[PDB]
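In the order they appear, the protein sequences are chains A and B.
At position 109 of the first sequence (counting the first as 1) the number is 106 in the authors' numbering, and the numbers step up by one without a gap.
In case it helps, the authors' numbering puts the second sequence at residues -2 to 1, 5 to 239.
Below: the structure, in structure tokens.
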Amino acid sequence: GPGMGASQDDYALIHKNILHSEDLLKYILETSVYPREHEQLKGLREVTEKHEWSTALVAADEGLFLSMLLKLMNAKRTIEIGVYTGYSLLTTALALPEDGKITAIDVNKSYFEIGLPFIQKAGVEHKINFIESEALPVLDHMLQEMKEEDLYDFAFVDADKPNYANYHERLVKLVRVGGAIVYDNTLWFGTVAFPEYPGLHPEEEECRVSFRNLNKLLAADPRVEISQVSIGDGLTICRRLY
Amino acid sequence: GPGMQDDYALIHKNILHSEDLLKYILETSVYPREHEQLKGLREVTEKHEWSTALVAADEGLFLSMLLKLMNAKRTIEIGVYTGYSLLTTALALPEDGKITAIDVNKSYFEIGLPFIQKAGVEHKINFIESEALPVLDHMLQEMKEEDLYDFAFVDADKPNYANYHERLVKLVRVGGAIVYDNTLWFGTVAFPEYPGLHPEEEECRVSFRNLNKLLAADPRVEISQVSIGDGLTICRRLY
Ligand SMILES: Nc1ncnc2c1ncn2[C@@H]1O[C@H](CSCC[C@H](N)C(=O)O)[C@@H](O)[C@H]1O
Ligand SMILES: Nc1ncnc2c1ncn2[C@@H]1O[C@H](CSCC[C@H](N)C(=O)O)[C@@H](O)[C@H]1O
Ligand SMILES: O=Cc1ccc(O)c(O)c1
Ligand SMILES: [Mg+2]
Ligand SMILES: [Mg+2]
């Protein structure tokens, strides 16, 4: 639509961190992440860091953390909403068993095509079913065809942040009891801690407001237990109770 | 010598950008989800002379999530203090869950014991008053494959963590988790030198810098260091 430019260079928050120490974040990455990062993850991250939407790239320490959750819960079937160039998707596919399966949904397959050669070299493209679409129609179509036996173990939600509350209403039915839904970016550069925050792009401000509403909603939702984790840009792990 | 936590440079646990962000996480996402007996235990512990030791409450809720997601049933805790992470664990486990809890100081555990009892989960806990290293070595001579733990939380004397790790990678099952608290040690690990630390705090800075490298290099586990609370490192045993 007509209006203000909404490129990454038009945003205010790009360089802001949720850790107070830039040195600490680099310590974590150099000590505990890069030595443990798959060579194809490294290549995909390095190409994505140059891309015009590099701000959206999941953080590499968050990557290893998502991998750990998947392995510890023995996830086998997962859904990812918001693929971009494929870092969390490649992380997920490397974590799952050889016969694991991922439903991966993104409006923009051209982004996916950037990471695809890395995912192919890693030997795990066969686990991925990529759907080029807005996520909400796909999720609604799943609700009508999904069997109890095929509920997902794990969902990673990282797409268009104002829609998370809408995705949640479907995902609490598409993930198994005991399964996990992980919402990325729920601390939104730390701006969620303030009732108003000057200087934001209108899309940044909409996400600040969206996440303040989502974080209250998830804390109050009896269908899940939650843990909000100050890693990357914040994430909230939800475990379906019924 | 003879005489009488204020001697220490590291008293506030917040690696986040602002005190406001951490408070927001706690009020929005932790306190509404915190069991009444955890709230009571935390509030009495905040008045204890070693309250800085108390596990961060957002970290507690995350431990609880991890335990449930991995369906843990048998756990070991090294370093109990007043029992916040222990009560968190006992509330997270199924009714038949079992915890081996080890601390040198039972008087601290007795501060938390009434809340654990009121919470109805004392039956899950075998508390052992001892330095942990002898206990783990004794367990290694005796335990069989059926007695392996699903999960270990390590939150005791920081310079001994690498020593604990060598026992725990044998006492935790393949695929189980070993979780180390405080591996970012108030942010000090990010620096090769750090001014003004108490001799014990500096010793922990050095030991954590050594431990973090060791765990990153250890082929027996995979890891994830997580910038929550004072940092924790989750290890999953590979073989
Ligand atoms: N309505 C919608 N439905 C599905 N995908 C959407 C969407 N709106 C935006 N997206 C996609 O969501 C993605 C968010 S960035 C995703 C980052 C990725 N998980 C990583 O690990 O780096 C973008 O690729 C964008 O194209
Ligand atoms: N060698 C050792 N063996 C077992 N416990 C030890 C120890 N050295 C120190 N400790 C104990 O380790 C604890 C660290 S504080 C533990 C915090 C607790 N897990 C919480 O949730 O708040 C103290 O209670 C201390 O008494
Ligand atoms: O010894 C002091 C201490 C300080 C912080 C901690 O988290 C801890 O476990 C111990
Ligand atoms: Mg994200
Ligand atoms: Mg601790």
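Idealized CB from N, CA, C, for every residue including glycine.
Cutoff 9 Å: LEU91 (chain B) Cβ touching any chain A Cβ: no
Counted within 10 angstroms of its Cβ, other Cβ atoms place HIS12 (chain A) as buried (16 or more) or exposed: exposed
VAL104 (chain A): CB within 8 Å of a non-hydrogen atom of ligand 4: no
C-beta neighbour in chain B for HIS17 (chain A), strict 9 Å: yes
Assumed close pair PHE151 (chain A), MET70 (chain A) - CB separation to whole angstroms, cut-off 8 Å: 7 Å
At least three beta-carbon pairs within less than 8 Å, the region 126 to 140 of chain A to the region 99 to 116 of chain A: yes
Local conformation of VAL154 (chain B) per DSSP, three classes: strand
Three-state secondary structure assigned by DSSP to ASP58 (chain A): helix
Sub-9 Å separation of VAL80 (chain A) and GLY229 (chain A) beta-carbons: no
Secondary structure of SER224 (chain A), DSSP reduced to three states: strand
Cβ shell of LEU168 (chain B) (< 6 Å), same chain only, five flanking positions each side left out: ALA152, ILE178
Straight-line gap, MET139 (chain A) to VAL174 (chain A) (C-alpha atoms, nearest Å): 17 Å
Proximity winner among A:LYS68, A:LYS170, A:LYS124, relative to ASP137 (chain A) (alpha-carbon distances): A:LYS170
Cβ of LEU168 (chain B) within 9 Å of any chain A Cβ: no
Chain-ordered neighbours of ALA177 (chain A) on chain B, where CB pairs are closer than 7 Å: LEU69
Near ligand 3: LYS118 (chain B) beta-carbon under 8 Å from a heavy atom: no
Own chain, CB closer than 6 Å to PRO134 (chain A), minus 5 neighbours either side, in chain order: none
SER224 (chain A) CB to nearest heavy atom of ligand 1 below 8 Å: no
Contact under 9 Å by Cβ, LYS68 (chain B) with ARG236 (chain A): yes
Interface partners of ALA216 (chain B) on chain A, CB under 8 Å: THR28, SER29, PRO32, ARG33
Proximity test, Cβ basis, 9 Å: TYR24 (chain A) and chain B: yes
Where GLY187 (chain B) meets chain A, residues with beta-carbon distance less than 7 Å: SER18, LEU21
Option in B:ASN210, B:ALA216, B:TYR161 with minimal Cα separation from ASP181 (chain B): B:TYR161
Residue nearest to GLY0 (chain A) in terms of C-alpha spacing, selected from A:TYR149, A:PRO199, A:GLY60, A:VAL30: A:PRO199
Beta-carbon proximity list for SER224 (chain B), same chain, < 6 Å, skipping 5 on both sides: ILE234
Residues near ligand 5, criterion Cβ-heavy atom distance below 5 Å: B:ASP155, B:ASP181, B:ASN182
Run of the alpha helix (DSSP H) containing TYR24 (chain A), from where it starts to where it stops: 19 to 25
Residue-chain proximity (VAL135 (chain B), chain A), Cβ-Cβ < 9 Å: no
Classification of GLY196 (chain B) by the beta-carbon crowding that lies within 10 angstroms, buried from 16 upward: exposed
Amino acids of chain B, ordered along the chain, whose beta-carbon sits closer than 9 Å to that of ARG220 (chain A): Per Cβ cutoff of 9 Å: no residues; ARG220 (chain A) is ~13 Å from chain B at best.
Within 8 Å of chain B by C-beta, residues of the region 42 to 69 of chain A in sequence order: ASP58, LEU61, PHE62, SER64, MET65, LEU66, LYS68, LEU69
Reference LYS47 (chain B); option with closest CA among B:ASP147, B:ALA90, B:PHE208, B:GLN5: B:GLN5
Between the CA atoms of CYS204 (chain A) and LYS144 (chain B) - distance to the nearest angstrom: 52 Å
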